[PDB]
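Heads up, the chain below is alone and in the form deposited in one PDB entry; it's given as structure tokens.
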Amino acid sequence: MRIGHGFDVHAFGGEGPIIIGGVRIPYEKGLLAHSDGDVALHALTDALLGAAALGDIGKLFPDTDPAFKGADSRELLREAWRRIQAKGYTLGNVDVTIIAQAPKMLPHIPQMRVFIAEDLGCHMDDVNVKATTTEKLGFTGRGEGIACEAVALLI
């Protein structure tokens, strides 16, 4: 068994919606990023790659490479997962923590779990997503962006 941890942040910019955990969530502002800016899946990806000792998302899918512009972070998740499985690992379970003042993530979590469980080829019970605000404190509390943390356990 191997443990992994990921952390990611994206700033708000433009018109909504935002894509979090693969779900299109309505919001006043959108998120700025090379890909679709899915903070949750990026953090999740780093956790899995980390547990596999494969590095991180930027190393495998460079900000510079134009092939990843507007990229579906789920596509990146699946590829990172493919490579991980090739190194010989299987999923243990993953846990994600979205840190945002708004929008409300709770109603979208079930669908996020559905998408992630599909992408990782596992049972929905092997996937957990949660959210918390920083009580108006910080860049997240001031609504400047969304952060996300994740841990993974590979077998």
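When you see a residue number, it is the position in the sequence shown, counting from 1. If you superpose the two forms and keep the largest set of C-alpha atoms that fall within 1.5 Å, you have the rigid core.
Two stretches are in play, 124-132 and 60-68, and the higher mean C-alpha B-factor belongs to 60-68. For the pair 31-39 and 99-107, the mean B factor over Cα atoms is greater in 31-39.
Remark: residue 153 belongs to the middle third of its chain, ranked by C-alpha B-factor as recorded. Among the modelled residues of the chain, residue 48 sits in the lowest third by CA temperature factor in this PDB entry. Ranked by C-alpha B-factor against the other modelled residues of its chain, residue 114 falls in the lowest third. In this PDB entry, the Cα temperature factor of residue 54 sits in the middle third of its chain's modelled residues.
Although not depicted, the form deposited in another entry is the subject of the following passage.
Taking the core as reference between this form and the one not shown, the lone member of 27, 68, 89, 115 whose Cα moves by 2 Å or more is 68.
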